[PDB]
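Asks: Below you'll find the structure I mean.
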4 protein chains.
Amino acid sequence: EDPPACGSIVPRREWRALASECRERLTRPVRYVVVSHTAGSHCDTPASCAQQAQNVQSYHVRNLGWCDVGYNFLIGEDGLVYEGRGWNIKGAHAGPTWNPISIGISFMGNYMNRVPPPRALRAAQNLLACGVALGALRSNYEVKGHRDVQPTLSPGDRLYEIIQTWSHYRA
Amino acid sequence: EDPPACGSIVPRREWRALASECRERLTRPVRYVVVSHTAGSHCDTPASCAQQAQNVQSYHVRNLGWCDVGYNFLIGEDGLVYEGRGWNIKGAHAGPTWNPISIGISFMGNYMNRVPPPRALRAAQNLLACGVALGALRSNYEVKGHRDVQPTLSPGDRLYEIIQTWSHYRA
Amino acid sequence: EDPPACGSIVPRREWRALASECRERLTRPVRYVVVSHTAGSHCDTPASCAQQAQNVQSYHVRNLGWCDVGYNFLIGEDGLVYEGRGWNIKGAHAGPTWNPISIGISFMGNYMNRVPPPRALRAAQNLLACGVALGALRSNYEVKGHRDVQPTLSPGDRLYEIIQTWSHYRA
Amino acid sequence: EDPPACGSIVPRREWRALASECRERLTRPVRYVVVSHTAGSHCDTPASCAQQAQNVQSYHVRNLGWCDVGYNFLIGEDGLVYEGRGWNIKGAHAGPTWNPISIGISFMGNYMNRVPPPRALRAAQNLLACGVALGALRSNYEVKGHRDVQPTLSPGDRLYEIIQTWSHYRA
Ligand SMILES: CCCCCCCCCCCCCC(=O)O
């Protein structure tokens, strides 16, 4: 194995995650990346966004009864990636056919009428190349919108339109 | 576009930077990184760290008459790396002996009696790897604190003592 | 609910196919059939062909890193049909324009300078009649040579000459 | 040292190409080069090679209805390079994945058994050095055989064996 300081990520603890109870592992390297939005309150400062991650995780664990926040990684408009279940653990974002074989990253907000800052998009794309550097993703990985693999308006029309233009996007 | 990773550097235009006029180029690969502080105001939201980078640059351009902001890159307490003279333009930060044979990174704020948050440290940390991947920084680059190569309190007592504990630091 | 079962097709499990990671669906009924060859050794036994099929799949999967073997079906000189991605999943045989709208069937061998045995030809024909009965293929499906849609020698000259005479062949 | 120090290329109009209709661009500096062969006949005089470049384009444009010949450059055994879509326009040679991010150079002939002559090889390597010199290719670009990225025998065994020995070959 080879791992470097590839990319930067706010750690679980830094955004005061509840501890995870989730054990199923993804099989490296993962072929798919699925992009969603939370459809929730957006945020643009470290403080506001650590809090939002906390709120999303809190909704998933307390109300939905999930082992942890369902996303592998969240994205702030503050330009920071926030660690969910990470590269190694199966998430709960895209249903039972896609959760086993994908990494799910979710911008934090509603992207129906808005777009995310060029820094939010930079974070996400840098996260994925790091995923590749680390061997968590395949080099020939493919990105899909949430709406491609499940009946939903996630990741939001504005953002969906945006991710259609990525190098690795295949639908 | 593309790939507009790595390190996820904010671009000159995104912080509303005046254009660069500096032409002297860095002979590669670069052996040294010099870490400084600005000794300016701190900032904790991308909005305030865009304003702060703009302020530093103008001071350098309008008052000192430099071709551009003196540092190769800047680091907020927002958690992002802010492009300055970048990887290839020789900077203005460590004097005549060190300017040509090093990349200068400066943390925006005064770190005599406080530290940069871990996100600030994280971004600096990756930016440095993100520069080895390029050929910009040599694989075994040595990190120096401003006060190690010049007579200055930069980069603040607290920041300096953290820097002393990084693997690539050479007193 | 009626029964017209046309599968004298070796199922993946039986030629010990590795498991497909391919998710893209063809929509039925499919209008086009593209005939390629592997330009690899040919095999005239259920044992060699099963192996050959794993070898072809090892190339597309291990080496090239694809979700599965690229073809929808493979054809052997043993007179049998090997299930590749099957009737319902987009194959990777003929490019971005034809892949979504066709089934790719590949003869296991190099038919530049020999004709594929009559039984291999009967297998392919009967494979096609089977797809029609299933509603997998349009009753008026069109057969194309690989070289008619992509620059390549595939399916080999001798085999290409033969398919040019087929009822459903379309220049 | 000087501004343009590279390479002798037979321009489109000189080997009497049809006008290109392809407008999708590559992003310089390009990191990848894929080497194919035409698989057809070889030519060894600038008269016969201009003729062949004309044939290969006819096929790609007339039969396949493509916007221009698929390759970015072609190499004759006359030892001239023939301009295809060139440095800036995405070609058609290596599929959906590789095409947007590479430059496809194809040797005119079949090298399954027979090597390109020294002058043909010199031409291709000089072409590549020229692309780096112009910033069309990354200083550390990588070469791959067509078969390293698509399932095909090209660029032919003898020629594949040679490119594998090259400074920039990356398996
Ligand atoms: C193996 C990881 C995939 C690499 C993804 C490219 C992201 C940029 C980081 C590496 C530096 C490349 C230089 C550049 O493209 O400008």
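Note that the numbers count up from 1, one per residue, in the order the chain is shown.
Technique stated in the header: X-ray crystallography, 2.3 Å.
Positions of Cβ are set from backbone N, Cα and C atoms, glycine also.
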Asks: Which candidate, D:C6, D:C22, D:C130, does Swiss-Prot give as the disulfide partner of D:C67?
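Replies: When Swiss-Prot is consulted, D:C67 turns out to be bridged to D:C22.
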Asks: Tally of helix, strand and coil residues over the domain 'N-acetylmuramoyl-L-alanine amidase' (D:28-156) according to DSSP?
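Replies: Residue counts for the domain 'N-acetylmuramoyl-L-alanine amidase' (D:28-156) by secondary structure: 44 helix, 30 strand, 55 coil.
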Asks: What is the Cβ neighbour count of D:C6 (disulfide bond) at a 10 Å cut-off, with all protein chains included?
Replies: 14
Asks: Measuring Cα to Cα, how far is D:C22 (disulfide bond) from D:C130 (disulfide bond) in Å?
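Replies: About 23 Å separates the two Cα atoms.
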Asks: Mind checking which of D:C22, D:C43, D:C49, D:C67, D:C130 has the fewest other CB atoms within 10 A of its CB? They're the disulfide-bonded residues.
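Replies: Counting other Cβ atoms within 10 Å of each of the disulfide-bonded residues D:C22, D:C43, D:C49, D:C67, D:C130 gives the minimum at D:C22.
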Asks: If I take the Cα of D:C130 (disulfide bond) as reference, which of the disulfide-bonded residues D:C43, D:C49, D:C67 has the closest Cα?
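Replies: Sorting the disulfide-bonded residues by distance from D:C130 (disulfide bond), the top entry is D:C49.
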Asks: Could you measure between D:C49 (disulfide bond) and D:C67 (disulfide bond) for me? Cα positions, answer in whole angstrom.
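Replies: D:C49 (disulfide bond) to D:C67 (disulfide bond), Cα-Cα distance: 21 Å.
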Asks: Fill in the CA-CA distance, D:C43 (disulfide bond) to D:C6 (disulfide bond), as an integer in Å.
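Replies: Just about 24 Å between their Cα atoms.
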Asks: Given D:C6 (disulfide bond) and D:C67 (disulfide bond), what distance in Å do their CA atoms have, once rounded to a whole number?
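Replies: Approximately 28 Å lies between the Cα of D:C6 (disulfide bond) and that of D:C67 (disulfide bond).
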